[PDB]
Amino acid sequence: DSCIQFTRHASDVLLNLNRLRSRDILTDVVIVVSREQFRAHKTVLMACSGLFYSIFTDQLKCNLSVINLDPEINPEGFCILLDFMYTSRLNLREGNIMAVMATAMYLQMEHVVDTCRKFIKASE
Amino acid sequence: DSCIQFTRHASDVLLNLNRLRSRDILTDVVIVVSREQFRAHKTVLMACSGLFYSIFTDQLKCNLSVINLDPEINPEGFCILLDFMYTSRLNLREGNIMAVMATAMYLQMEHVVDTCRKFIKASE
Amino acid sequence: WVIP
Amino acid sequence: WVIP
Ligand SMILES: N#Cc1c(Cl)ncnc1Nc1ccc2c(c1)CC(=O)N2
Ligand SMILES: N#Cc1c(Cl)ncnc1Nc1ccc2c(c1)CC(=O)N2
Ligand SMILES: [Cl-]
Ligand SMILES: [Cl-]
Ligand SMILES: [Cl-]
Ligand SMILES: [Cl-]
C-alpha cells in the first residue's frame, strides 16, 4: 500500500495499556501465583505469551476471570515478566535471573528466554 | 532502573492485537457508524482515542457492548482510523483526507489531525 | 510520520 | 535487546 506510519504509535499504545493496568481499568482477569494476585488484560497477556495465547483461545478458559499458575512459579519472576509485557522493559538481575528464565519458559516468551540464556552463559 | 529493553516488543504486541481483531478474538464492543459495524477491543480504542478514553472510563458507558457514532461520521474514514489504531499505518489519500481529518478530530487523535493539516496545507 |  |  501507500500508507504513512507514525513511528511512536505502538509505544504510545503500550504506555496507555500500562496506565489502564495501573488504574485497574477494564482489567478482565486475575493471575494467581501462589499467595499473590496480579490483575491484567487478557488481550495483552495473549499478545506477549504463548501460554496465555493458548489459555484464552480455549473455548472454556476464555471465560474464566481467575487463572491459577503452577505452584513452582515464582511471584517476583511473574511480576517482572508482567511488567515487561506492559512496558518492553525487563528488570533482569543476578538475584532474579534464574526465576525470570524459568517463568519465561513456562509462559512461552522466547525472546526473554533468549536474553536470560545469553546473560547466564556470559557469567560462566 | 537498570532494565534492558526489547526494541520490537511494542510493535509485536500491536501486531498480535491486530491478529486477534481480524479473528474476532476477545473483541468486546461494536462501533456503529451509520450502516456499518466495526468490532474492536475497548482497551485499544481507549489507548488511541481521546473520545474512546472518555467513553469507556464513564461508569455507565464502560459496560455497553454497542457504541453509536455521530451520523456525520464517514464509515470509510472510521475504518482507515481503526486500521491505524491497530497497525500505526494510515492510508491517507487525496480522496479520503477530508473524511479522515474530520473523523480524527471527532475521535480526538491529535497526531492524525496534525499530519492531515500538513498534507492539506502542502496542496494549497 | 515516515514512509514505512 | 538494548540499554534504554
Ligand atoms: N495474541 C496473540 C497471538 C496471535 Cl493472534 N498470533 C500469534 N501469537 C500470539 N501470541 C503469542 C504466541 C506465542 C508466543 C508469543 C505470543 C510470544 C512468544 O514468545 N511466543
Ligand atoms: N487508554 C488510555 C489513556 C490513558 Cl490511560 N491516559 C491517557 N490517554 C489515554 N488515551 C488517550 C487519551 C487522549 C488521546 C489519545 C489517547 C490520543 C490523542 O490524540 N488523544
Ligand atoms: Cl473464574
Ligand atoms: Cl518475549
Ligand atoms: Cl449495549
Ligand atoms: Cl493519533
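Selection of first residues in the stretch B:88-115 that are among the charged types (D, E, K, R) and of second residues that are away from ligand 4 (no atom under 16 Å from the Cβ), restricted to Cβ pairs under 6 Å at least 6 apart or on distinct chains, gives the following pairs, ordered by first then second residue: B:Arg89/A:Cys3; B:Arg89/A:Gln5. For the stretch B:94-124, the set of residues classified as surrounded by 16 or more Cβ atoms within 10 Å (Cβ to Cβ), under 10 Å from the mean Cα position of the chain (by Cα) and outside any helix (DSSP H, G or I) consists of B:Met109 only. Of the residues making up the stretch A:74-93, just one is aliphatic (A, V, I, L, M), under 8 Å from the mean Cα position of the chain (by Cα) and within 9 Å of chain B (Cβ to nearest Cβ), namely A:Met85. Pairing each residue of the stretch B:2-25 that is farther than 16 Å from B:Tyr86 by Cβ with any residue that is in a strand (DSSP E or B) and β-branched (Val, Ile, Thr), provided the two are 6+ apart or on different chains, yields C-beta distances under 9 Å for B:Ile4/D:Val2; B:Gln5/D:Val2; B:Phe6/D:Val2; B:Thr7/D:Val2. Do the conditions hold for B:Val44, that is, is it within 10 Å of chain A (Cβ to nearest Cβ) and either within 13 Å of the chain's Cα centre (by Cα) or of a type in the set (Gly, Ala, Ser) (or both)? It is true that B:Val44 is within 10 Å of chain A (Cβ to nearest Cβ) and either within 13 Å of the chain's Cα centre (by Cα) or of a type in the set (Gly, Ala, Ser) (or both). Of everything in the stretch B:34-67 that is part of a strand (DSSP E or B) and touching a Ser or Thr at 6+ places or on another chain (Cβ under 9 Å), the residue that is nearest to ligand 4 (Cβ to nearest atom) is B:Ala40. Which one is nearest to ligand 2 (Cβ to nearest atom), of the residues in the stretch B:94-106 that are within 14 Å of chain A (Cβ to nearest Cβ) and not polar (S, T, N, Q)? By that ranking, first place goes to B:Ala104.
Every residue, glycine among them, receives a Cβ derived from its backbone with ideal geometry; neighbour counts consider all protein chains shown. Read-outs: derived from the displayed coordinates by stated rules, not from any lab.
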